[PDB]
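Colleague: experimental coordinates for this protein are included below, preceded by the sequence.
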Amino acid sequence: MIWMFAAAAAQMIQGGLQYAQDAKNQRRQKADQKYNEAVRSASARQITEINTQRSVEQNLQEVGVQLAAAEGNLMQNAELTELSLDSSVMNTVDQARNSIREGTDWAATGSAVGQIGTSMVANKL
Amino acid sequence: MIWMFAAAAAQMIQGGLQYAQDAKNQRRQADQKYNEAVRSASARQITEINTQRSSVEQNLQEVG
Amino acid sequence: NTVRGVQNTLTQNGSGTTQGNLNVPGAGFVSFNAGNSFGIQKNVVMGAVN
Amino acid sequence: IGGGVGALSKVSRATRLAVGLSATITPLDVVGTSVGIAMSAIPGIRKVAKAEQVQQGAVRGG
């Protein structure tokens, strides 16, 4: 339908006119203009003065910062556990642990805690 | 499989769009003369600022 | 024909592997095979057992 | 007969190869034997098979 594009055509008319009118200006003329642009750098320098010079929300920002720090710490620590399979130090460690912990079924261990569940504090207070 | 490259494709879509925008941004430009001076001046200030800004753990270093 | 027959045995007629696992209370994880003779895809067979 | 990509070149190369190899002890005998071979290979024929035997053989692959 022709009548749907009336507004688009009306807006597009303006683009064509000034495209031709800008070209005509240049043909009618230049060194003095260049000098002014260079002086404009002073405004950039003036704007360069300011540029050169350059209770739940608080808890949330602190939480974010500490979370990032903890992630970094864990990432840095994992490097030795990665090589544990051939590092000699991890043979002294994991031996000290066993010596200080005088057929363990892990599945059995979990069920004991699960059965107590969410009444832990209630059953001890 | 075709469905294990979906993340890579989605991330790679954004590369093409930016590549097209730069062409238009450069084509819409003699403002380059004004543009260059800003960097030419800021570089000196940045360089000046940078220039202005310019037990066992001890026995081990001594041993080394 | 022999090459294709060997390839079919290797890939199992193109249906893929069928090894799986189960969660049994107390006993923990155990092995489970989802193969069947009717052609039901793995994740659909594992639906009813869960 | 015709239609190939070059006929003289192949013949003029085959003659040189036949002369060279003889340096089956004379150039004529090399030409004669080259065709005796390449034609004596007994061909194989297809035959129906029992399904079970073939599946057993294929299973010993993989």
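Modeller: Perfect, I can see it now. Residues are numbered from 1 along each chain as shown, chains lettered A, B, ... in the order given.
Colleague: give me phi/psi at the closest residue to chain A within chain C?
Modeller: Going by C-beta to the nearest C-beta, chain A is nearest to residue C:28 of chain C, at 3.7 Å. From N, CA and C alone the C-beta is placed, and that goes for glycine too. Dihedral angles of residue C:28 (phi, psi; degrees, to the nearest 10) stand at phi 90, psi -160.
Colleague: isn't it right up against residue C:21?
Modeller: No. Counting by C-beta atoms under 8 Å, residue C:28 sits too far from residue C:21 to count as a contact (10.2 Å).
Colleague: neighbour count winner among those two?
Modeller: residue C:28 (14 against 9; other C-beta atoms under 10 Å in any protein chain shown).
Colleague: separation between the residue of chain C closest to chain A and chain D?
Modeller: 33 Å (C-beta to the nearest C-beta, to the nearest Å).
Colleague: tell me which helix or strand comes right after the longest helix that chain D contains.
Modeller: Looking across chain D with DSSP state H, the single longest helix is helix D:8-21. Sequence-wise, the next helix or strand downstream of helix D:8-21 (DSSP states H and E) is helix D:27-36.
Colleague: just checking, what packs against that next one?
Modeller: Helices and strands touching helix D:27-36, as assessed by 3 or more C-beta pairs under 8 Å, 6 or more residues apart in numbering or on different chains; DSSP states H and E, comprise helix D:8-21.
Colleague: can you list the neighbours in contact with the helix it packs on?
Modeller: D:27, D:30, D:31, D:34 (C-beta atoms under 8 Å, 6 or more residues apart in numbering or on different chains).
Colleague: run the chain-centre distance for that helix.
Modeller: Offset of helix D:8-21 from its chain centre (C-alpha atoms, centre = their mean, to the nearest Å): 18 Å.
Colleague: now it: buried residues?
Modeller: Using 16 or more other C-beta atoms under 10 Å in any protein chain shown as the test for burial, helix D:8-21 gives residue D:18.
Colleague: so what's the residue of chain A found nearest chain B closest to, chain neighbours aside?
Modeller: As assessed by C-beta to the nearest C-beta, chain B sits closest to residue A:41 within chain A, at 4.8 Å. With sequence-adjacent residues excluded and distances taken as C-beta to C-beta, 6 or more residues apart in numbering or on different chains, residue A:41 is closest to residue B:37, at 4.8 Å.
Colleague: hey, what's the angle from the longest helix of chain D to helix D:27-36? Just curious.
Modeller: 110 degrees (axes from the mean of the first three to the mean of the last three C-alpha atoms, to 10 degrees).
Colleague: pull out the CA atoms of helix D:8-21 and give them to me as CSV.
Modeller: Provided in CSV are the C-alpha atoms of helix D:8-21 (Å, rounded to 0.1, in the frame of the first residue of the first chain):
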residue,chain,number,x,y,z
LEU,D,8,51.8,-41.9,-29.7
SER,D,9,53.3,-40.7,-26.4
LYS,D,10,52.3,-43.8,-24.6
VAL,D,11,53.6,-46.1,-27.3
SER,D,12,56.9,-44.2,-27.6
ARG,D,13,57.3,-44.5,-23.8
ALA,D,14,56.4,-48.2,-23.7
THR,D,15,59.1,-49.0,-26.3
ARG,D,16,61.7,-47.1,-24.3
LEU,D,17,60.8,-48.9,-21.1
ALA,D,18,60.9,-52.2,-22.8
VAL,D,19,64.4,-51.5,-24.2
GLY,D,20,65.6,-50.3,-20.8
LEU,D,21,64.4,-53.2,-18.7
